[PDB]
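First comes the structure, then the notes that go with it.
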Amino acid sequence: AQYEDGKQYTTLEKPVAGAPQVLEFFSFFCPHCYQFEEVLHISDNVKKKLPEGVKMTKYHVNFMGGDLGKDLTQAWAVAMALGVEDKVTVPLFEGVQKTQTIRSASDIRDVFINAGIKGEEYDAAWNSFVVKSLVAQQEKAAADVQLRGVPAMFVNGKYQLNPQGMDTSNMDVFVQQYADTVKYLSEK
């Protein structure tokens with residue numbers, strides 16, 4: 001066939017019940033994730049090829065970057081809770097990977113403050129039970145697929161994208177192959 005199990009995607013031996021329709025995992029410590037975000041714009045390109053009626057979910061993971069990795073998962077919970085993902089994603093990536101100015105939870109906080117989120121608003125969210133459960137939700141989604149690598153995308157808790165089976169000579173062509181594959185899996 002054109003799309004074959006084990007080439008553009010793999011099928012989960014242990015499908016996941018009730019999972020989000022399009023689910024992306026990443027880490028601000030993750031180099032292909034930085035690329036996916038700032039160079040490729042994968043999420044944006046997938047979204048514009050996705051069906052009417054399909055929401056996209058993106059979660060952070062703990063297993064890169066030690067203590068700071070976990071801090072970033074909680075910060076991403078704060079971002080989701082406040083709905084400020086599009087304001088902090090780029091400065092967090094640059095802070096961790098480009099300028100390397102994020103070394104502590106306080107440096108993460110600085111990114112939000114600089115992005116216009118009030119300190120008291122940030123601190124209230126950080127310490128909140130709603131954010132605790134959003135951290136738990138992120139951890140549980142990753143646990144459900146026994147996630148060992150990022151970036152990763154899952155469709156309907158059944159299919160995992162396999163970007164290693166895609167051309168990388170051209171970045172544009174890679175992105176569209178990725179997006180078209182997601183659209184295919186979603187219609188499946």
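By order in the structure tokens, chains are A, B, ...; within a chain, residues start at 1; ligands start at 1, following the order shown.
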
Do a neighbour search on residue A:16 at 12 Å with only C-alpha atoms, toss out local chain neighbours closer than 2 positions, and write the hits as a list in words.
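Answer for this query is residues 11, 12, 13, 14, 18, 19, 20, 21, 23, 140, 141, 142, 143, 144, 145, 146, 154, 155, 156, 157, 158, 159 and 160 of chain A.
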
Save out the residues we just selected, C-alpha atoms, as a PDB file, in the first residue's frame.
ATOM      1  CA  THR A  11       0.146   0.416  15.550  1.00  0.00           C
ATOM      2  CA  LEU A  12      -0.055   0.179  19.324  1.00  0.00           C
ATOM      3  CA  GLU A  13      -0.148  -3.445  20.465  1.00  0.00           C
ATOM      4  CA  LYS A  14      -1.984  -2.028  23.485  1.00  0.00           C
ATOM      5  CA  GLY A  18     -10.614   7.318  25.615  1.00  0.00           C
ATOM      6  CA  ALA A  19      -7.360   8.946  24.500  1.00  0.00           C
ATOM      7  CA  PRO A  20      -7.210  12.401  22.879  1.00  0.00           C
ATOM      8  CA  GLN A  21      -7.731  12.324  19.091  1.00  0.00           C
ATOM      9  CA  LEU A  23      -1.906  13.821  21.002  1.00  0.00           C
ATOM     10  CA  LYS A 140      -0.832   9.503  32.773  1.00  0.00           C
ATOM     11  CA  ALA A 141      -1.123  10.078  29.031  1.00  0.00           C
ATOM     12  CA  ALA A 142       2.613   9.383  28.632  1.00  0.00           C
ATOM     13  CA  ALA A 143       2.438   6.322  30.933  1.00  0.00           C
ATOM     14  CA  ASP A 144      -0.456   4.885  28.875  1.00  0.00           C
ATOM     15  CA  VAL A 145       1.785   4.516  25.808  1.00  0.00           C
ATOM     16  CA  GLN A 146       4.949   3.757  27.772  1.00  0.00           C
ATOM     17  CA  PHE A 154      -0.443   9.494  18.648  1.00  0.00           C
ATOM     18  CA  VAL A 155      -3.754   9.364  16.786  1.00  0.00           C
ATOM     19  CA  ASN A 156      -6.913   8.063  18.536  1.00  0.00           C
ATOM     20  CA  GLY A 157      -4.778   6.214  21.087  1.00  0.00           C
ATOM     21  CA  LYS A 158      -4.052   3.597  18.429  1.00  0.00           C
ATOM     22  CA  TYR A 159      -1.425   4.841  15.995  1.00  0.00           C
ATOM     23  CA  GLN A 160       2.033   6.359  16.570  1.00  0.00           C
TER      24      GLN A 160
END

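Excluding residue A:44 itself and any same-chain residue fewer than 5 positions from it, the protein and nucleic acid residues within 12 Å of it, counting only C-alpha atoms, are residues 24, 36, 37, 38, 39, 49, 50, 56, 58, 86, 175, 176, 178 and 179 of chain A.
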
Can you tell me which residues surround residue A:81 at a distance of at most 8 Å, considering only C-alpha atoms, apart from same-chain residues fewer than 6 positions away, and format the answer as a VMD selection string?
chain A and resid 125 130 to 131 134

Using the selection just defined, write its residues with N, CA and C atoms as a PDB file, in the first residue's frame.
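Output (out.pdb):
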ATOM      1  N   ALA A 125      -1.443  29.791  40.191  1.00  0.00           N
ATOM      2  CA  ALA A 125      -1.598  28.626  39.330  1.00  0.00           C
ATOM      3  C   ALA A 125      -0.604  27.516  39.675  1.00  0.00           C
ATOM      4  N   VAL A 130      -5.693  22.389  40.661  1.00  0.00           N
ATOM      5  CA  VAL A 130      -6.032  22.232  39.256  1.00  0.00           C
ATOM      6  C   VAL A 130      -4.781  21.937  38.423  1.00  0.00           C
ATOM      7  N   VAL A 131      -3.686  22.635  38.697  1.00  0.00           N
ATOM      8  CA  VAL A 131      -2.412  22.373  38.018  1.00  0.00           C
ATOM      9  C   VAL A 131      -1.789  21.024  38.412  1.00  0.00           C
ATOM     10  N   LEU A 134      -3.444  18.589  36.312  1.00  0.00           N
ATOM     11  CA  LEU A 134      -3.054  18.720  34.910  1.00  0.00           C
ATOM     12  C   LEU A 134      -1.667  18.076  34.725  1.00  0.00           C
TER      13      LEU A 134
END

Can you pull out every residue from chain A that DSSP, working from the backbone, puts in strand (DSSP E or B), and format the result as an mmCIF file with N, CA and C atoms, in the first residue's frame?
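Printed below is out.cif as written:
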data_model
loop_
_atom_site.group_PDB
_atom_site.id
_atom_site.type_symbol
_atom_site.label_atom_id
_atom_site.label_comp_id
_atom_site.auth_asym_id
_atom_site.auth_seq_id
_atom_site.Cartn_x
_atom_site.Cartn_y
_atom_site.Cartn_z
ATOM 1 N N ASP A 5 1.630 -0.048 7.869
ATOM 2 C CA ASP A 5 2.045 -0.244 9.248
ATOM 3 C C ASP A 5 3.532 -0.603 9.329
ATOM 4 N N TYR A 9 3.929 4.892 10.160
ATOM 5 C CA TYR A 9 3.315 4.805 11.471
ATOM 6 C C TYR A 9 3.462 3.393 11.997
ATOM 7 N N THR A 10 3.217 3.229 13.290
ATOM 8 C CA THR A 10 3.199 1.913 13.903
ATOM 9 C C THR A 10 1.886 1.798 14.633
ATOM 10 N N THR A 11 1.433 0.579 14.886
ATOM 11 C CA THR A 11 0.146 0.416 15.550
ATOM 12 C C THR A 11 0.394 -0.077 16.960
ATOM 13 N N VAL A 22 -5.806 13.721 18.619
ATOM 14 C CA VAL A 22 -4.431 13.988 18.190
ATOM 15 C C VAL A 22 -3.620 14.438 19.395
ATOM 16 N N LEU A 23 -2.662 13.611 19.787
ATOM 17 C CA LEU A 23 -1.906 13.821 21.002
ATOM 18 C C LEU A 23 -0.410 13.923 20.738
ATOM 19 N N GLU A 24 0.173 15.075 21.053
ATOM 20 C CA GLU A 24 1.610 15.305 20.871
ATOM 21 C C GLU A 24 2.346 15.362 22.216
ATOM 22 N N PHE A 25 3.503 14.705 22.291
ATOM 23 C CA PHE A 25 4.373 14.824 23.461
ATOM 24 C C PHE A 25 5.680 15.517 23.083
ATOM 25 N N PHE A 26 6.176 16.344 24.000
ATOM 26 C CA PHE A 26 7.428 17.050 23.771
ATOM 27 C C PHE A 26 8.134 17.374 25.067
ATOM 28 N N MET A 56 -6.647 19.040 19.158
ATOM 29 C CA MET A 56 -5.264 18.632 19.297
ATOM 30 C C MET A 56 -4.796 18.863 20.719
ATOM 31 N N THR A 57 -4.081 17.897 21.282
ATOM 32 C CA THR A 57 -3.583 18.035 22.639
ATOM 33 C C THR A 57 -2.048 17.957 22.643
ATOM 34 N N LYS A 58 -1.407 18.814 23.420
ATOM 35 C CA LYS A 58 0.041 18.721 23.542
ATOM 36 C C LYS A 58 0.491 18.733 24.984
ATOM 37 N N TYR A 59 1.235 17.694 25.372
ATOM 38 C CA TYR A 59 1.741 17.552 26.728
ATOM 39 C C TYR A 59 3.259 17.527 26.827
ATOM 40 N N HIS A 60 3.762 17.983 27.970
ATOM 41 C CA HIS A 60 5.181 17.968 28.279
ATOM 42 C C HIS A 60 5.529 16.669 29.009
ATOM 43 N N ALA A 152 6.677 12.997 19.814
ATOM 44 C CA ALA A 152 5.847 11.847 19.529
ATOM 45 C C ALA A 152 4.449 12.333 19.276
ATOM 46 N N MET A 153 3.762 11.676 18.344
ATOM 47 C CA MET A 153 2.373 11.960 18.085
ATOM 48 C C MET A 153 1.593 10.660 17.976
ATOM 49 N N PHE A 154 0.448 10.647 18.638
ATOM 50 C CA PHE A 154 -0.443 9.494 18.648
ATOM 51 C C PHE A 154 -1.785 9.930 18.099
ATOM 52 N N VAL A 155 -2.423 9.055 17.320
ATOM 53 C CA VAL A 155 -3.754 9.364 16.786
ATOM 54 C C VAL A 155 -4.786 8.364 17.332
ATOM 55 N N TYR A 159 -2.517 4.747 16.948
ATOM 56 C CA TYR A 159 -1.425 4.841 15.995
ATOM 57 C C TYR A 159 -0.364 5.856 16.421
ATOM 58 N N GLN A 160 0.904 5.477 16.284
ATOM 59 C CA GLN A 160 2.033 6.359 16.570
ATOM 60 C C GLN A 160 2.721 6.773 15.278
ATOM 61 N N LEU A 161 2.924 8.072 15.083
ATOM 62 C CA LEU A 161 3.638 8.562 13.909
ATOM 63 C C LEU A 161 5.073 8.070 13.900
#

Backbone DSSP call of helix (DSSP H, G or I) for stretch 72-179 of chain A, listed as an MDAnalysis selection string:
chainID A and resid 72:82 85:98 105:114 119:126 129:144 163:165 171:179

Mind giving me the straight-line distance from atom CA of residue A:71 to atom CA of residue A:102 in Å, one decimal?
10.9 Å

Nearby residues (only C-alpha atoms) at most 7 Å from residue A:115, same-chain spacing under 2 positions excluded, as number ranges by chain:
A: 87-88, 111-113, 117

Computed gap from atom CA of residue A:109 to atom CA of residue A:28 is 14.5 Å

Taking only C-alpha atoms into account, name the residue in A:62, A:181, A:114, A:132 that is nearest to residue A:92.
A:114

Residue among A:185, A:108, A:147, A:40 lying closest to residue A:122, counting only C-alpha atoms
A:108

Contacts of residue A:27 at 12 Å (only C-alpha atoms; same-chain gap of 2+ positions) as a VMD selection string
chain A and resid 24 to 25 29 to 37 58 to 66 68 to 76 89 92 to 93 96 to 97 138 142 148 to 152

Let me see the file: selected residues, N, CA and C atoms, as a compact mmCIF listing (two decimals), in the first residue's frame.
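Wrote out.txt, looks like this:
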# COMPACT_ATOMS: atom_id res chain seq x y z
N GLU A 24 0.17 15.08 21.05
CA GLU A 24 1.61 15.31 20.87
C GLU A 24 2.35 15.36 22.22
N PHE A 25 3.50 14.71 22.29
CA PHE A 25 4.37 14.82 23.46
C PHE A 25 5.68 15.52 23.08
N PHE A 29 13.55 20.37 26.58
CA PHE A 29 14.95 19.93 26.47
C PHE A 29 15.25 19.19 25.17
N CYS A 30 14.21 18.93 24.40
CA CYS A 30 14.27 18.03 23.25
C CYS A 30 14.59 18.78 21.93
N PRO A 31 15.76 18.49 21.34
CA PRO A 31 16.20 19.22 20.13
C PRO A 31 15.28 19.07 18.91
N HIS A 32 14.78 17.87 18.59
CA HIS A 32 13.85 17.78 17.46
C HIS A 32 12.55 18.49 17.80
N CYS A 33 12.23 18.56 19.10
CA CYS A 33 11.05 19.29 19.52
C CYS A 33 11.19 20.78 19.24
N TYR A 34 12.38 21.33 19.50
CA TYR A 34 12.65 22.73 19.18
C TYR A 34 12.44 22.97 17.67
N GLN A 35 13.02 22.08 16.86
CA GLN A 35 12.87 22.08 15.40
C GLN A 35 11.38 21.99 15.00
N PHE A 36 10.68 20.99 15.57
CA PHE A 36 9.26 20.78 15.28
C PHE A 36 8.46 22.05 15.53
N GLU A 37 8.88 22.78 16.56
CA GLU A 37 8.17 23.97 16.96
C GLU A 37 8.53 25.21 16.16
N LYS A 58 -1.41 18.81 23.42
CA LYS A 58 0.04 18.72 23.54
C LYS A 58 0.49 18.73 24.98
N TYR A 59 1.23 17.69 25.37
CA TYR A 59 1.74 17.55 26.73
C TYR A 59 3.26 17.53 26.83
N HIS A 60 3.76 17.98 27.97
CA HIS A 60 5.18 17.97 28.28
C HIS A 60 5.53 16.67 29.01
N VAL A 61 6.79 16.25 28.96
CA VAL A 61 7.23 15.01 29.61
C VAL A 61 8.34 15.25 30.61
N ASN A 62 8.47 14.34 31.57
CA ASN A 62 9.47 14.44 32.63
C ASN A 62 10.86 13.88 32.32
N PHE A 63 10.96 12.91 31.41
CA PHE A 63 12.16 12.07 31.38
C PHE A 63 13.39 12.70 30.72
N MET A 64 13.30 13.97 30.33
CA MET A 64 14.52 14.69 29.96
C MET A 64 14.74 15.87 30.90
N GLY A 65 16.00 16.08 31.27
CA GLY A 65 16.35 17.24 32.06
C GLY A 65 16.18 17.16 33.57
N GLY A 66 16.02 15.97 34.13
CA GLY A 66 16.04 15.84 35.58
C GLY A 66 15.06 16.71 36.33
N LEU A 68 14.76 19.93 36.51
CA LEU A 68 14.21 21.01 35.69
C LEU A 68 13.17 20.48 34.71
N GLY A 69 13.36 19.25 34.24
CA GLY A 69 12.38 18.60 33.37
C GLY A 69 10.99 18.53 33.99
N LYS A 70 10.95 18.12 35.25
CA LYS A 70 9.70 18.05 36.01
C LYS A 70 9.14 19.45 36.25
N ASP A 71 10.02 20.41 36.51
CA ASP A 71 9.58 21.80 36.68
C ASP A 71 8.91 22.32 35.42
N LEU A 72 9.45 21.92 34.27
CA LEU A 72 8.88 22.35 33.00
C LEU A 72 7.51 21.70 32.73
N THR A 73 7.32 20.48 33.20
CA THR A 73 6.01 19.83 33.05
C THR A 73 4.98 20.59 33.90
N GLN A 74 5.36 20.98 35.11
CA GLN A 74 4.45 21.79 35.93
C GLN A 74 4.22 23.18 35.30
N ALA A 75 5.27 23.79 34.73
CA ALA A 75 5.10 25.08 34.07
C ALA A 75 4.17 24.96 32.86
N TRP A 76 4.29 23.86 32.13
CA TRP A 76 3.42 23.65 30.98
C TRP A 76 1.95 23.45 31.46
N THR A 89 5.74 29.29 24.73
CA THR A 89 6.41 28.16 24.09
C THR A 89 7.76 28.56 23.47
N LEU A 92 10.39 29.68 26.14
CA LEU A 92 10.86 28.55 26.93
C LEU A 92 11.86 27.72 26.12
N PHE A 93 11.54 27.42 24.87
CA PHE A 93 12.50 26.69 24.02
C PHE A 93 13.82 27.44 23.90
N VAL A 96 15.76 27.42 27.32
CA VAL A 96 16.41 26.15 27.59
C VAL A 96 17.50 25.79 26.57
N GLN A 97 17.22 25.95 25.28
CA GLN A 97 18.14 25.41 24.26
C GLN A 97 19.00 26.44 23.54
N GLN A 138 -0.91 14.82 32.28
CA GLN A 138 0.21 14.70 31.35
C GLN A 138 1.01 13.43 31.59
N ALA A 142 1.32 9.96 28.99
CA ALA A 142 2.61 9.38 28.63
C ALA A 142 2.76 7.93 29.10
N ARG A 148 8.84 6.66 25.58
CA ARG A 148 10.28 6.64 25.83
C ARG A 148 11.03 7.70 25.02
N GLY A 149 10.35 8.29 24.03
CA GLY A 149 10.99 9.29 23.20
C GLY A 149 10.06 10.40 22.78
N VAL A 150 10.63 11.58 22.61
CA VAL A 150 9.91 12.73 22.07
C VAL A 150 10.78 13.33 20.95
N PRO A 151 10.17 14.04 19.99
CA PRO A 151 8.73 14.29 19.85
C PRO A 151 7.96 13.01 19.48
N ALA A 152 6.68 13.00 19.81
CA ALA A 152 5.85 11.85 19.53
C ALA A 152 4.45 12.33 19.28

Pick from A:164, A:186, A:127, A:100 nearest to residue A:78, counting only C-alpha atoms:
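Closest candidate: A:127.
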
How many Å separate atom CA of residue A:77 from atom CA of residue A:41?
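Interatomic distance here is 21.2 Å.
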